[PDB]
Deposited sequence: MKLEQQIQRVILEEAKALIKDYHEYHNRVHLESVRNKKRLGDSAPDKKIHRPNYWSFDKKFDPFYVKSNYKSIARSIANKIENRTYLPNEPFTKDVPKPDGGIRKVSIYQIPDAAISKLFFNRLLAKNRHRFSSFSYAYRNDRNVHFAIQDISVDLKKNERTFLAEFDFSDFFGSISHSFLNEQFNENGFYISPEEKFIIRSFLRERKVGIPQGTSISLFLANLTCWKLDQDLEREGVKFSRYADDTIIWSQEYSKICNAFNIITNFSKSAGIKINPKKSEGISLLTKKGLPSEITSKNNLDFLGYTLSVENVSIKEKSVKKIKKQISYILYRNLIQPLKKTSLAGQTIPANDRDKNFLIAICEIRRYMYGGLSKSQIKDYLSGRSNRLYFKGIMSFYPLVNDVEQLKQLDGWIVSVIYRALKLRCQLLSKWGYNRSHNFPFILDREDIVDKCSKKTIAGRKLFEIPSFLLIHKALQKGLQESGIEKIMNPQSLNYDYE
């Protein structure tokens, strides 16, 4: 098919996607505002709707305008490409200064350039997919865990690349292009050179074409490491190498060092940890040793795999915020006007908080459905929650500790709510749910039923963990994900 048809199709698809998103955004904002008005009574702020700032700078950024004229641009681009005069327009870049990632500048490109880059990247990847080394990182996690279990003592080397994209040398890339027997047409080379453009060093960040170049640069390193006989995995901006012999790990370190010099890239000293030995807890080591290793939010050890501390902190933060927002925040305003005061042993806010916590943790599944699936009465279940992102966890003690934390936090929050209500002049200590001790919370809430459905049940990590383990055993990681 002609170039124009393909360009038109890609531009149309991109515009339709962006429009769709925007529409969902404003509709959700309306629903949330409606709920907030009831929650905060007459102190609720008014609704505000915003449009992205960068849309104003150029008409091309705005999706609707591009949708209006999606034919002229395609023809002009095709003609400019045939004439070999095409050049991508300047991107919009905004820095994100932070302690981690430094400047962490991010760039966004106009819709036509992004569409062209995506099309070319897809074609190149399709033709050259076979000549490449082995969301699929989970299989690597399984392999490393199995190897770690097989022998207690393993040698590990961890390298953290710093400013990998920024320092790539164009001459090195030019050398790679001629060698390795890859298939690249003249037009593709022209487009790649056009994208590099003025930049003296480095490759553009935030573009689809860049990923292919990154894979291309590391082909020789992968071949050399495979020839050596060590095992390795590379994901994002990190690499891990493990072996059972000191000599091989030393040779791998030498190869990595020599490669960095050739390609003008530097390894951050602070982030890099160096060679170490991973051994079971309670056994001495003759060299520097560690008992746990982190990979993509997973903590791996000889005995078991557990969730990383930071993820646990985020989960605790979210649950705490939900409880605070629904129970304590509304009562600290100057005037309690428009709000509903709990009475006759009924509290709506407690129900709303419990439902939101259930949605965050499971996705809305009831305990009965999980039990039925486990027993075998039903054949299917859907996983749509925070737990889905960690399908391979096998540690039981941590989940129990988390469940205890949830129950205690709920009890303390309810007590503080009761104190504030008493301070405002209403005494509701006798009425439920303020009359229940910590030990009795689970059973009393479990028994209570509203409208024939048990909506007061406290969620438990262990039950979902059991369901996940059974699903994994009887199926595959790809099926679950």
task: Take the full deposited sequence, match it to the modelled residues, and report the stretches without C-alphas.
output: 135-142, 490-499
